[PDB]
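What follows is one structure encoded as C-alpha cells, with my remarks underneath.
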Amino acid sequence: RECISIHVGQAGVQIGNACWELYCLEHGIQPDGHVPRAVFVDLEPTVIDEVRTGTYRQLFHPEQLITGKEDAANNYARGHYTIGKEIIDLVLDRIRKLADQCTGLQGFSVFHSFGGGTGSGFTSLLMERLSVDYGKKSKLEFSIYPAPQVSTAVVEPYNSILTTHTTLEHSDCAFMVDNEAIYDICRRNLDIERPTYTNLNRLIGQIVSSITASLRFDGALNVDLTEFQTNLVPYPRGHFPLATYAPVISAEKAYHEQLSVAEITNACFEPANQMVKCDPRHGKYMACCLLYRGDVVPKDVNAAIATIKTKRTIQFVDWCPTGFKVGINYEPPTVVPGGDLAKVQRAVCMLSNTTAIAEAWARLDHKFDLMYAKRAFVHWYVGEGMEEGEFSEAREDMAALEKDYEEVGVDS
Amino acid sequence: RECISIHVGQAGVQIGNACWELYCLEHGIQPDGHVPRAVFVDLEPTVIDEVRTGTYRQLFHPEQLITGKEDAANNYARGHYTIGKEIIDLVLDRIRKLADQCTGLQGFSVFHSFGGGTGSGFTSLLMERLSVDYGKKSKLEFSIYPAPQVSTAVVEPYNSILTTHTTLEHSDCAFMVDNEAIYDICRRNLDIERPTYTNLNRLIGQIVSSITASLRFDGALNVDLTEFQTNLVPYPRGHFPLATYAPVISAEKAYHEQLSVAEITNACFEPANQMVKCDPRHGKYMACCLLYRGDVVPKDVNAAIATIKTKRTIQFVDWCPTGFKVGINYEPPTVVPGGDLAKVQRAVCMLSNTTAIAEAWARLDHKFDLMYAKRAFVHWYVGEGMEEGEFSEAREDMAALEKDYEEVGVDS
Amino acid sequence: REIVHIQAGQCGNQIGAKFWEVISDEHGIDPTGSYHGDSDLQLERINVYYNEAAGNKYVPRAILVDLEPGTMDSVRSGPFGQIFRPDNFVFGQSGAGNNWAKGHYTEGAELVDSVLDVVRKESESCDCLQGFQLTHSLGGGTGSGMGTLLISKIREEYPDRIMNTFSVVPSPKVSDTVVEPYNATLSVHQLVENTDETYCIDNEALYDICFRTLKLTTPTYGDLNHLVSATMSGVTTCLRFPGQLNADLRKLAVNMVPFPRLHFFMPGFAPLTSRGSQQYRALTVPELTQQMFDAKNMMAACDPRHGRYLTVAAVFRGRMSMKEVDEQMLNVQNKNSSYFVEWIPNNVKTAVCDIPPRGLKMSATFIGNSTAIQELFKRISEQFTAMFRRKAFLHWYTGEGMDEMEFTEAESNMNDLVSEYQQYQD
Amino acid sequence: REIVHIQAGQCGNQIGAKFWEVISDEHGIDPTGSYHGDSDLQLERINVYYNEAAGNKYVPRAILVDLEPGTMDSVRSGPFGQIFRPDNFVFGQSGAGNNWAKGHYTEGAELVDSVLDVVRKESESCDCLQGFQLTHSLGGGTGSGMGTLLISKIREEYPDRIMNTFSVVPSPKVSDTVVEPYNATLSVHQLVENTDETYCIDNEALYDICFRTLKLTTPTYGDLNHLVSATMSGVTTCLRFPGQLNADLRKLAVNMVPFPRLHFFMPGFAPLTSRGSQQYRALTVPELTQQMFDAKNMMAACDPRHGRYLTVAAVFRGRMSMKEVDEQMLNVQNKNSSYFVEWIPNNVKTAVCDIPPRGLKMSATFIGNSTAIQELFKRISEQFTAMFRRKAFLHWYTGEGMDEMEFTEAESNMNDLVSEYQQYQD
C-alpha cells in the first residue's frame, strides 16, 4: 500500500524538502502534526542540516536523517565505493526499519540527482542493495538528469553515465525531470528570470505530488505504483519516462485558468512544457500515464485522448495499439499559498517513455567520451577504488541503451 | 514467596543502589517508608559508605550493610580466599538472619560484577556457602560480565574465569548484562555520549525491575522465580541467559512511544538492544522468557510471538519445539522522573539462553590464557592463598563450558 | 427467485453505485432505511436483490471487488454507500495496476478466494438462486482481469444459475486507457466462455445518446452510469414484477441465444426525451418502438442498421395493449425484413411487465442480439494486433507472470468470435 | 441436580471471572447481592451452581486453584471477585513455575490435599451431584499439571459424577509460551483418561471468530474469555432450564461419546453478529444452523470440513418449532452426508431449552464431536517430538522430579489418541 522514499544527494534533499512540503500542505498537517515515511542521505552535513535547521524541522526523526560529516566529493567513485560505502549499512537500516514498521508496502520512491557525488554514486549502491533485499517490490527512482547545456559539475557525465549503468539493472521505473528544460517553463510558461532552485523544486514538488500523494489517494480511476512500471515500461531496462504537468500557468500574469480538460491535455504534448530537454524531436511515445486530478469527466478524457490518438503528428510506437493509462483522481491540485503557481481546479501530470531520450542519453554519453578520451578527471576516481574497468565497462553499458532505445522504436 | 538479594562488589552495589531506587519509585515508598530485603557487601568501605552517605540513606539497616575496612584488591584470590574470607561468616549471618525473618522464601537475587575483587572472589564463596546452606532454593545471580573490548581492570579475565568456575556449580540461573553492549544502547537507542555509570545502572535497574519486582507482583500470567530456571535452563550448568529490554526509547528526542506490542517484541531480537555484546552471531536461542508489563492483550502476544516463531532467521534450537515463556504483568513500567528513559505504557524484558555466549565465553577465556601463558599477575594471587591449581584447574573448567554451549546446540 | 450483483473493478463499481442508486428508489429502499415504497408491489419480489436481517434493513446482495481502496472508499463514503454490509467489500489494497494480468493471475488471484467465499455466503442466502449480475470495464485490471476471473470461478460453482454480464467495451473514437485492447481482448475471451448474457455499453455511444437524445450539455460520468443502470433495471428487477406476459433472465436467455457462444447484446431504453420541453408524452407505443429500434439509442457503439438481428427482446413495463404491442413489433419486423435475419420467423421476443419506471407512464427495455456487434470485436481485435505485433506494453503483462501464448489465445478466440457472428449476417 | 466449577491455573481462573461474570447475570446474581432476576425461572434451578447461606448470598460453588497469588488476587480484587467465599481460594504462594511437572508432582502435589478437602466440602453440599466443570489451559503449570491432577483425584473420588473439561489447547500460528507442547501433551494425556467431556478452545480460533464474525477490532482477552463463557453457559446451566426437549450433561455425554476415550468436542455459539448493523435478526433458525455448522465459528482451531463428525448436539435455547428444528437438522445431515460419518443414522442430538440468553431472542450452543480434532493433537504431538528429540527445556521438568519415560508415555498415549480418532474418519 505505501511507498517509502529515499532522498539522496543535496539536490535530492532540496527537491525532497520541496516535494515533502507540498505534501502536508495539501493534507492539512502543519509543521508539527504526524510522521513522514522517508529518509535523507548526504555525505555533506550542512545540507541535511538545512532540514534540521530550516522549515519542516520537527516533522522528521533525527533517525531518518542520515549524514556523513565527512566529504561529499563531486565524484561517483568516492561516493559509491570509498566513502559512500561506510554509510550505506546505516542508510539501509532505516529503509529496513522504516520498511518493517508499515503494512504491506509497494516500494521506495528514490530521489537523486544523477550528476552528483552523493547522488550518483551512493544511490547507485543503495538502489543496488535494495534490488536484492526487496526484489519483490517497486523501485521507481525519480531523477534530475544533467542539463543539456547548462550542467554544473565539470565531470557531471562521469557521474551520470555511472549512476545509470549501476542503477539500470535495479530500478523499476525511473522518472526524469530535466533541470534546464524546467527553467524554460519558468521563463516561457510563468515568466520569471528569477527562478530560485527553491522553485524548480516546487515544480517537481508538484509533478511528484501527482504521482504518489494523490494517486495512492482514492479516486475515480486509481493507479497503483506497480500499475506504473506495468503500464509504463515495455522492457526490463529500468526505463525512464518523462514528467510533464499541464496547468503550469502563472498565478499573477495571465488568467484563463478555466481551461477545460480538452485544453490542459493538449498542453502536455507540446514539447515546451515537459520538464525535460528531450523535445519529441522524433521519439515516438510508447506509453503514457495521464494522471488527472480535480474535476474531470471520464468522457472528457475518453475523448480528449481520442482526439489525440488521431493527431498522428504525435506518432506512437507501432507495436503499441493503445498506450494511454488514464489515471483520474478527485481532489484538485494544491498550489503553494503564494509561490508563483496559478492554482487551477484540474491538472494533467502525464509521464511517459518516449523514444526521444534516444537523444538525451546520446548527447550525455558523447560528453563522457570526450573527457574519458583524455582521462580528464579520471585520477579522481581511480584513487577512490574504481578502475579503467568500471568506466569503460559502464560506457559499453549505456552504448546498448542507445541501441535499445533505438530498436524498441524507429522500426516496425 | 520472597527473594533476598546480595549486592556484592562496589559495582554490584552501585547497580544495587540503582535497582533499589527504581523499586520504591514504583511502589510509592519515599526515602523513609518500609524496610528493604537485601544486603550489601564490599571490602572497600568508601563505596558502601555511598549508600550510607548518599540517597536512600535511612532506607537500610546498618546491619544489611557489610564492609571490611581492609582492602578490596582487584584480584579474585585475595577477595575469595585470604581477605574476603574473614567477612563471609558475618555476611552469611545476615542472609540467614534475613532469610529467617521472612515467610517461605524462594531464593536470593545476587548482584555482582564478574571481573572485580570483591565481586568475583568473595561471592564465589558466598554463593558457594549458599548452595549448601539452602540447596533447596533458587540462586539466580545477576552479573555484569567483562566488556568485550572495553574492560577496566588489567586482570579482569583472571577474576572472571574464576568467578564462573566457582559459582557454576552453585547458581540456578545467572543473568548477564554486558557493560559495553549497554553503552551502545545509550549511544544508538537513546543518544548520549555522556552515559554516567549512574545510567547503565538505571537501565539494568529497569530490566531487573521486570524480573523480580513486577513479576513477584500479581498479573495476567504470573511467573515465579523458580519458573525461570525451570523454563530457562536446559542444563545444570548455572546457565546464563541475557537480559534485554524493549521500549528503550529516549524521553526527549524521538516520540513514537505508542509502539504496540507487535513492535516492542520485534525490538528485542534485533541484536542492537540486548545489554550484551553477544550479538546472535549464530547462537540459537533455546528458551526465552518474554516478560511483558503494562497494557498487553494475550492474543497480541500469542501472535506477535507466533509471527516470530516463523521468522526462521531467528533459528531456535532443534531439541526445542517451543521455548517461549510468556510472562504478563499489569502495571506498566516506571521510569525515573527525569533521567533519560522514554516512559512507555508497555515493555518487554526478554531474557534467554542463547548458544551465542559460546562466543562471549570464548573471547573471555582466550584473554585469560594469553596472560596465564606468561603468569602475568599470577604472583598476586598465589601470595594470596591460591595455586597453579585453581587457575589451570578453573581454565579446564570453562573449557567444558565452551564445549557445553557448543554441544547443546549447533548439532541436531 | 434471486440474483447477486457483482461490482468488479472501479467502473463496474462506480456503476454499482448508480445501479443501486436507481434500483433502490425503484424499490423504495432509503440508504439504510427500509421499504418506503409508494406502493406495495415494489416489495413482494425484492428478495431478488436483498436480504432480511433487521426489519428495515434490506441490504443489497452484491459484491464489491477491487484492488484500489480509494474507489470503494468513495462509493462507501458517499450517498447510498452505507447500505452494503462491510462483508460485501472484497478489497485488495495491493497495487491495482492497470494490467489484466495483474488482476487475473498475480494480484487478483489471491483476493479471489476471499471473494468466492462471500459469493457463496450470498448464494446460499435463501430460496432459489437464478443468476448473478456482473458490472465492469474491459479496459483495466480489476475490471477485465479480476472480474473475468470471478466469473470463470462462479461458472464452475453453479453452471446452472445464469450469468448476465454488463461490460463497458472499449469505446472507439478515444480510449480512456492505453493497453485497452490488451485488457479487453483478454476479458472478452473469458466472457465468450462463461457468462451467458452480456450487455455491452460504450461510454461514447452514451455520450452521443446522452448529448443529442438528451440535450444534456455536461454529461458527467454519473449520468452515463445512470442511463446504463436504467436499462439493467428494466431487464432484471423489472421482469421480477407481474405482467400480462412476463419473462425472466432465462426466458430472456432462452429466447435470445441461438448459439452457445453466449452472444452479446446491446441494451436500449424507451422514453429517452430531454427534460422540460421534449416531455412530449408521444409514448402511446409506436413511439417507444420508434425509439428502441433506431440506430442512435443503442448503448452499443455499432449501429444495428449495419447487420441483421438474431433476437430482440422488447421488455416493456407499463400498462399497454397486448395488441398494440404484439402488433407494432410485426410491422417493425416487416419494414426491416432486410435486417432481422430470416431463419427465425419471429426474432422478436415481446415481454410485458405492468408497473413502469416509478415516475414514468410507459417504458420498454430493448435487448438486441444483432450481428452488428461483429463490427466491434473487430475493432478491439484490430487494436490488439496493431500493437501486439510490436509487443507494445507487453512487459507489464509477462513481467507479471503471463504467457506469449495467452495473448495469442484470446485474440484468436475472440477473433474467431467475430467470424462466427457473420455466419448469420449471411 | 448440581455441579462444581473448577478454576485451575490463571487462565482457567481468568475465565472463571468471565464464566461467572456471565452466568450470574444469566441468573440475576449481583456481586454479593442475591437474585434480582428479571424473571422467576432463573432461580428454580440455580442450585446447580450456588449455595444457600444468608438469603441474598448465593455463592458460586467453584474452586480457584493456582500457585501464583497475584492472579487470584486480581480476580478477587476486581468486579464479581468478592462473591466467592474465601474458602474457595486454594492458592499456592509457591513459585507457580511454568512447568507441568512443577504443578503436578512437586509444587502442586502439596496444595492438592488442601483442594480435594474443599472439592469434598462442596460436593457433599446437598441434593445430588451431577459433575464438575473444569477450566484451564494446557500450556502452563497451574493449568495443565496441577489442574490435570485435580481431576485424576476427582475421578477416583466419584467415578460416577461427570467431568466436563474446558481446555484452551495451544493455539497454532503462535504459542503464548515456549514449552507449550510439553505442558500440553502431558495434560491431554491425563484428560483422555479421566474427564469424559472436553471442550477445546483456541485463543486464535477465537480471535478470528471474534475479529471477522464480530467486526471487533481490539479483541482483548476479556472478550475471548467472554465468548467462551458464553458457550459453557449454553451447555450446562442452560439445559438445567425447562424445554420441549431438554437434556443434561449426561444426555450430552451419553449421546456424544461413542467410544470411552472421552473424546473432545468443539463448541460453537449461535447468534454471533456484530453489534449495531449486523443486528439482522436473521435468526428464524435456518440462520442459526447456518451459523453453528460453518467452518469458521468453531471455537476449535481445526475446521470440521476437514473430517467427519461422530456426534453433534445443537443445544438451542429460545422458543422455536420442534419441527423447524428437527427438520433443519436433517437437510443439514443430508447436504453434508459426506462429512458426518455413516454408522450413526442420526449423528445430531437436537436439544431444546425454552428461555434464551437473557437479552437475545434465539440462540443455540453447538457441541461437535468431529474427527477433525485429529488435526490438532497431531499438531501438539508434532511440536513435542521436534523438541523432545533434543530434550529442549527438559531439565526444568526432570530437575523437578520427573521421568524421561513420563514424557514418552504422554506423547504416545495422546499420540495414539490421534490414531484412533481416524478409525472413524474412515
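Residue numbers start at 1 in each chain; chains themselves are named A, B, ... in the order of the C-alpha cells; ligands are numbered from 1 in the order shown.
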Test item: residues at most 10 Å from residue 171 of chain D, only C-alpha atoms, excluding those fewer than 3 positions along its chain, as a count of residues only: 21
Please, which residues of chain B lie no more than 9 Å from chain A when the count uses only C-alpha atoms, and can they be set out as a VMD selection string? chain B and resid 253 to 256 263
Find the residues near residue 257 of chain C: any atom within 12 Å, counting only C-alpha atoms, skip ones fewer than 3 places away on the same chain, and give them as number ranges by chain. C: 195-198, 249-254, 260-265, 309-313, 344, 347, 349, 367-371, 421
Same residues, N, CA, C and O atoms, saved as a tab-separated table (two decimals), in the first residue's frame:
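This is the output file result_21.tsv:
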```tsv
chain	number	residue	atom	x	y	z
C	195	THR	N	-20.01	-16.40	-18.82
C	195	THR	CA	-21.33	-15.75	-18.73
C	195	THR	C	-22.18	-16.12	-19.96
C	195	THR	O	-21.62	-16.42	-21.01
C	196	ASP	N	-23.50	-16.11	-19.85
C	196	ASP	CA	-24.34	-16.47	-20.99
C	196	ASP	C	-25.30	-15.39	-21.47
C	196	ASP	O	-26.26	-15.69	-22.19
C	197	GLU	N	-25.04	-14.15	-21.07
C	197	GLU	CA	-25.81	-12.96	-21.44
C	197	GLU	C	-24.93	-11.76	-21.10
C	197	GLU	O	-24.65	-11.50	-19.93
C	198	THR	N	-24.50	-11.04	-22.13
C	198	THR	CA	-23.64	-9.88	-21.93
C	198	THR	C	-24.25	-8.64	-22.55
C	198	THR	O	-24.66	-8.65	-23.71
C	249	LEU	N	-34.78	-13.56	-16.71
C	249	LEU	CA	-33.44	-13.92	-17.19
C	249	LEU	C	-33.41	-15.09	-18.14
C	249	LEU	O	-32.94	-14.95	-19.27
C	250	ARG	N	-33.91	-16.24	-17.72
C	250	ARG	CA	-33.90	-17.37	-18.62
C	250	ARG	C	-34.69	-17.08	-19.89
C	250	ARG	O	-34.10	-17.08	-20.97
C	251	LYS	N	-36.00	-16.83	-19.79
C	251	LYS	CA	-36.78	-16.54	-21.00
C	251	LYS	C	-35.88	-15.69	-21.86
C	251	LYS	O	-35.58	-16.05	-23.00
C	252	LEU	N	-35.42	-14.58	-21.30
C	252	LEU	CA	-34.53	-13.65	-21.99
C	252	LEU	C	-33.36	-14.41	-22.58
C	252	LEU	O	-32.95	-14.16	-23.72
C	253	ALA	N	-32.81	-15.33	-21.81
C	253	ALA	CA	-31.69	-16.09	-22.30
C	253	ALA	C	-32.16	-17.14	-23.31
C	253	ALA	O	-31.65	-17.21	-24.42
C	254	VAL	N	-33.16	-17.93	-22.92
C	254	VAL	CA	-33.64	-18.97	-23.80
C	254	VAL	C	-34.40	-18.51	-25.03
C	254	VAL	O	-34.97	-19.33	-25.75
C	260	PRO	N	-24.77	-21.09	-28.35
C	260	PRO	CA	-23.95	-21.17	-27.14
C	260	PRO	C	-22.79	-20.22	-26.89
C	260	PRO	O	-22.33	-20.13	-25.75
C	261	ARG	N	-22.30	-19.53	-27.91
C	261	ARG	CA	-21.19	-18.60	-27.67
C	261	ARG	C	-21.45	-17.85	-26.37
C	261	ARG	O	-20.59	-17.75	-25.51
C	262	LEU	N	-22.68	-17.36	-26.26
C	262	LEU	CA	-23.18	-16.60	-25.13
C	262	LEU	C	-23.76	-15.37	-25.78
C	262	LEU	O	-24.80	-14.85	-25.38
C	263	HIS	N	-23.07	-14.91	-26.81
C	263	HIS	CA	-23.51	-13.75	-27.53
C	263	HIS	C	-23.76	-12.55	-26.65
C	263	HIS	O	-24.18	-12.65	-25.50
C	264	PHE	N	-23.47	-11.40	-27.22
C	264	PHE	CA	-23.58	-10.16	-26.51
C	264	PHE	C	-24.68	-9.36	-27.16
C	264	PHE	O	-24.91	-9.44	-28.36
C	265	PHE	N	-25.37	-8.60	-26.32
C	265	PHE	CA	-26.49	-7.80	-26.75
C	265	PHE	C	-26.14	-6.33	-26.73
C	265	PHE	O	-24.98	-5.96	-26.55
C	309	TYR	N	-30.32	-8.98	-37.13
C	309	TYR	CA	-30.54	-9.29	-35.73
C	309	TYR	C	-30.82	-10.79	-35.67
C	309	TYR	O	-31.23	-11.39	-36.67
C	310	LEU	N	-30.61	-11.39	-34.51
C	310	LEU	CA	-30.89	-12.80	-34.35
C	310	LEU	C	-32.09	-12.82	-33.45
C	310	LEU	O	-33.06	-13.53	-33.69
C	311	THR	N	-32.04	-12.00	-32.43
C	311	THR	CA	-33.12	-11.94	-31.48
C	311	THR	C	-33.25	-10.54	-30.95
C	311	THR	O	-32.31	-9.74	-30.98
C	312	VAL	N	-34.43	-10.25	-30.44
C	312	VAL	CA	-34.72	-8.95	-29.88
C	312	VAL	C	-35.69	-9.20	-28.75
C	312	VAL	O	-36.51	-10.11	-28.82
C	313	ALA	N	-35.59	-8.39	-27.71
C	313	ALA	CA	-36.46	-8.56	-26.56
C	313	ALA	C	-36.92	-7.24	-26.07
C	313	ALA	O	-36.22	-6.58	-25.31
C	344	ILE	N	-35.47	-17.27	-38.53
C	344	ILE	CA	-36.17	-17.14	-37.26
C	344	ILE	C	-37.44	-16.40	-37.65
C	344	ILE	O	-37.43	-15.18	-37.87
C	347	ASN	N	-38.16	-13.19	-34.72
C	347	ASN	CA	-36.97	-12.81	-33.97
C	347	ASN	C	-37.34	-12.18	-32.65
C	347	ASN	O	-36.82	-12.54	-31.61
C	349	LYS	N	-38.94	-10.98	-29.21
C	349	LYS	CA	-39.45	-11.62	-28.01
C	349	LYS	C	-40.14	-10.50	-27.25
C	349	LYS	O	-39.50	-9.75	-26.54
C	367	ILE	N	-33.24	-5.35	-25.68
C	367	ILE	CA	-32.06	-6.16	-25.56
C	367	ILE	C	-31.86	-6.81	-26.90
C	367	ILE	O	-32.46	-7.84	-27.19
C	368	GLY	N	-31.02	-6.20	-27.73
C	368	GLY	CA	-30.80	-6.74	-29.06
C	368	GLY	C	-29.59	-7.62	-29.26
C	368	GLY	O	-28.50	-7.31	-28.80
C	369	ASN	N	-29.80	-8.74	-29.95
C	369	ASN	CA	-28.72	-9.66	-30.24
C	369	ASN	C	-28.35	-9.54	-31.70
C	369	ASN	O	-28.41	-10.52	-32.43
C	370	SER	N	-27.95	-8.36	-32.13
C	370	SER	CA	-27.63	-8.20	-33.54
C	370	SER	C	-26.22	-8.57	-33.91
C	370	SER	O	-25.29	-8.48	-33.11
C	371	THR	N	-26.11	-9.01	-35.17
C	371	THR	CA	-24.86	-9.44	-35.78
C	371	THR	C	-23.98	-8.24	-36.01
C	371	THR	O	-22.82	-8.36	-36.40
C	421	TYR	N	-20.19	-14.90	-35.83
C	421	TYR	CA	-21.28	-13.91	-35.82
C	421	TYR	C	-21.69	-13.48	-37.24
C	421	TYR	O	-22.82	-13.04	-37.48
```
Env of residue 3 of chain D: 12 Å cut, atoms = only C-alpha atoms, seq-sep filter 6 positions within chain, self excluded. Answer as a VMD selection string. chain D and resid 45 to 51 60 to 63 119 122 to 134 161 to 164 236 to 237 240 248 to 249
Just list as a PyMOL selection string whatever in segment 139-212 of chain A DSSP marks as helix (DSSP H, G or I). chain A and resi 157-167+179-188+197-212
Let's have the selection written as a short mmCIF file (atom, residue, chain, number, x, y, z; two decimals), in the first residue's frame, with N, CA, C and O atoms.
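As written to disk, out_22.cif reads:
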```cif
data_model
loop_
_atom_site.label_atom_id
_atom_site.label_comp_id
_atom_site.auth_asym_id
_atom_site.auth_seq_id
_atom_site.Cartn_x
_atom_site.Cartn_y
_atom_site.Cartn_z
N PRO A 157 28.93 14.13 -16.50
CA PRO A 157 28.74 12.88 -17.23
C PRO A 157 29.39 11.66 -16.58
O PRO A 157 28.79 10.59 -16.51
N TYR A 158 30.62 11.81 -16.11
CA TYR A 158 31.27 10.70 -15.45
C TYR A 158 30.29 10.19 -14.40
O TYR A 158 30.00 9.00 -14.34
N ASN A 159 29.77 11.10 -13.60
CA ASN A 159 28.84 10.75 -12.54
C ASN A 159 27.48 10.25 -12.98
O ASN A 159 26.79 9.60 -12.21
N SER A 160 27.08 10.56 -14.21
CA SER A 160 25.76 10.16 -14.70
C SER A 160 25.76 8.99 -15.64
O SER A 160 24.72 8.40 -15.89
N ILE A 161 26.91 8.65 -16.19
CA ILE A 161 26.94 7.50 -17.05
C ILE A 161 27.14 6.35 -16.09
O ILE A 161 26.88 5.19 -16.42
N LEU A 162 27.60 6.70 -14.89
CA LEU A 162 27.86 5.72 -13.84
C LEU A 162 26.70 5.43 -12.93
O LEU A 162 26.62 4.35 -12.37
N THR A 163 25.79 6.38 -12.77
CA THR A 163 24.64 6.13 -11.94
C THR A 163 23.58 5.42 -12.76
O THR A 163 22.70 4.75 -12.23
N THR A 164 23.68 5.56 -14.08
CA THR A 164 22.72 4.94 -14.97
C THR A 164 22.99 3.44 -15.11
O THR A 164 22.09 2.63 -15.00
N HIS A 165 24.26 3.09 -15.34
CA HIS A 165 24.65 1.70 -15.55
C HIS A 165 24.54 0.83 -14.33
O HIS A 165 24.27 -0.37 -14.45
N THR A 166 24.75 1.43 -13.17
CA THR A 166 24.69 0.70 -11.91
C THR A 166 23.26 0.58 -11.38
O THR A 166 22.93 -0.37 -10.68
N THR A 167 22.42 1.55 -11.72
CA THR A 167 21.04 1.53 -11.26
C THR A 167 20.13 0.83 -12.26
O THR A 167 19.11 0.25 -11.89
N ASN A 179 16.55 19.60 -15.20
CA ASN A 179 16.70 20.90 -14.54
C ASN A 179 16.57 22.10 -15.48
O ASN A 179 15.82 23.02 -15.19
N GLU A 180 17.30 22.10 -16.60
CA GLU A 180 17.22 23.21 -17.56
C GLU A 180 15.86 23.34 -18.21
O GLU A 180 15.22 24.38 -18.13
N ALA A 181 15.42 22.28 -18.88
CA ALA A 181 14.13 22.27 -19.55
C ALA A 181 12.96 22.66 -18.63
O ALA A 181 11.83 22.79 -19.08
N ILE A 182 13.24 22.84 -17.34
CA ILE A 182 12.22 23.26 -16.39
C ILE A 182 12.32 24.78 -16.31
O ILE A 182 11.34 25.47 -16.04
N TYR A 183 13.53 25.30 -16.51
CA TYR A 183 13.73 26.73 -16.48
C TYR A 183 12.92 27.36 -17.60
O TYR A 183 12.25 28.38 -17.41
N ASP A 184 12.98 26.74 -18.76
CA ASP A 184 12.24 27.24 -19.89
C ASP A 184 10.83 27.46 -19.44
O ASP A 184 10.27 28.53 -19.64
N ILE A 185 10.27 26.45 -18.80
CA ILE A 185 8.90 26.55 -18.31
C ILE A 185 8.75 27.76 -17.39
O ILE A 185 7.68 28.38 -17.35
N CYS A 186 9.80 28.10 -16.65
CA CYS A 186 9.76 29.24 -15.73
C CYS A 186 9.93 30.56 -16.45
O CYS A 186 9.59 31.63 -15.93
N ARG A 187 10.47 30.49 -17.65
CA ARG A 187 10.69 31.67 -18.46
C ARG A 187 9.50 31.84 -19.41
O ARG A 187 8.87 32.89 -19.45
N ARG A 188 9.18 30.78 -20.14
CA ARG A 188 8.11 30.77 -21.13
C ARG A 188 6.69 30.52 -20.65
O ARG A 188 5.74 31.05 -21.23
N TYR A 197 16.35 27.79 -7.05
CA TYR A 197 16.28 26.34 -7.05
C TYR A 197 15.00 26.00 -6.32
O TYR A 197 14.27 25.09 -6.70
N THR A 198 14.71 26.78 -5.28
CA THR A 198 13.52 26.58 -4.48
C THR A 198 12.23 26.57 -5.32
O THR A 198 11.16 26.25 -4.82
N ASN A 199 12.34 26.91 -6.60
CA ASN A 199 11.16 26.90 -7.45
C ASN A 199 11.08 25.60 -8.21
O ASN A 199 10.07 24.90 -8.14
N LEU A 200 12.14 25.28 -8.95
CA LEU A 200 12.16 24.05 -9.72
C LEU A 200 11.69 22.98 -8.78
O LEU A 200 10.97 22.06 -9.18
N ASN A 201 12.09 23.09 -7.52
CA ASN A 201 11.70 22.11 -6.53
C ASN A 201 10.18 22.11 -6.30
O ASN A 201 9.58 21.05 -6.12
N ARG A 202 9.59 23.31 -6.30
CA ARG A 202 8.15 23.44 -6.10
C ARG A 202 7.43 22.79 -7.25
O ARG A 202 6.34 22.26 -7.10
N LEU A 203 8.08 22.83 -8.40
CA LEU A 203 7.52 22.26 -9.59
C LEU A 203 7.55 20.75 -9.51
O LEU A 203 6.51 20.12 -9.46
N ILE A 204 8.74 20.17 -9.51
CA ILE A 204 8.79 18.71 -9.41
C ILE A 204 7.95 18.40 -8.19
O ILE A 204 7.19 17.43 -8.17
N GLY A 205 8.09 19.26 -7.18
CA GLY A 205 7.35 19.12 -5.95
C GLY A 205 5.87 19.01 -6.25
O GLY A 205 5.09 18.60 -5.39
N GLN A 206 5.50 19.36 -7.47
CA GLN A 206 4.11 19.30 -7.92
C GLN A 206 3.89 18.02 -8.70
O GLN A 206 3.09 17.16 -8.30
N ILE A 207 4.60 17.89 -9.81
CA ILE A 207 4.50 16.71 -10.66
C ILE A 207 4.60 15.44 -9.82
O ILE A 207 3.94 14.45 -10.11
N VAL A 208 5.44 15.48 -8.79
CA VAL A 208 5.60 14.33 -7.91
C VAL A 208 4.35 14.11 -7.09
O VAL A 208 3.95 12.97 -6.86
N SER A 209 3.74 15.20 -6.64
CA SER A 209 2.55 15.08 -5.82
C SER A 209 1.46 14.35 -6.57
O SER A 209 0.60 13.72 -5.97
N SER A 210 1.52 14.46 -7.89
CA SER A 210 0.56 13.83 -8.77
C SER A 210 0.82 12.33 -8.90
O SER A 210 -0.07 11.55 -9.21
N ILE A 211 2.07 11.96 -8.69
CA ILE A 211 2.46 10.57 -8.77
C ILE A 211 1.92 9.88 -7.53
O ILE A 211 0.81 9.36 -7.53
N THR A 212 2.70 9.90 -6.45
CA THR A 212 2.33 9.24 -5.20
C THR A 212 1.13 9.88 -4.53
O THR A 212 0.00 9.46 -4.73
#
```
Distance filter 8 Å, only C-alpha atoms, chain D against chain C, as a ChimeraX atom specification: /D:277-282
Can you write just those residues out, C-alpha atoms, as a short mmCIF file (atom, residue, chain, number, x, y, z; two decimals), in the first residue's frame?
```
data_model
loop_
_atom_site.label_atom_id
_atom_site.label_comp_id
_atom_site.auth_asym_id
_atom_site.auth_seq_id
_atom_site.Cartn_x
_atom_site.Cartn_y
_atom_site.Cartn_z
CA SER D 277 -25.59 -3.04 11.95
CA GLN D 278 -25.44 -6.82 11.62
CA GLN D 279 -28.35 -6.97 14.16
CA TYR D 280 -30.10 -8.56 11.24
CA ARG D 281 -32.26 -10.77 13.39
CA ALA D 282 -31.92 -13.36 10.64
#
```
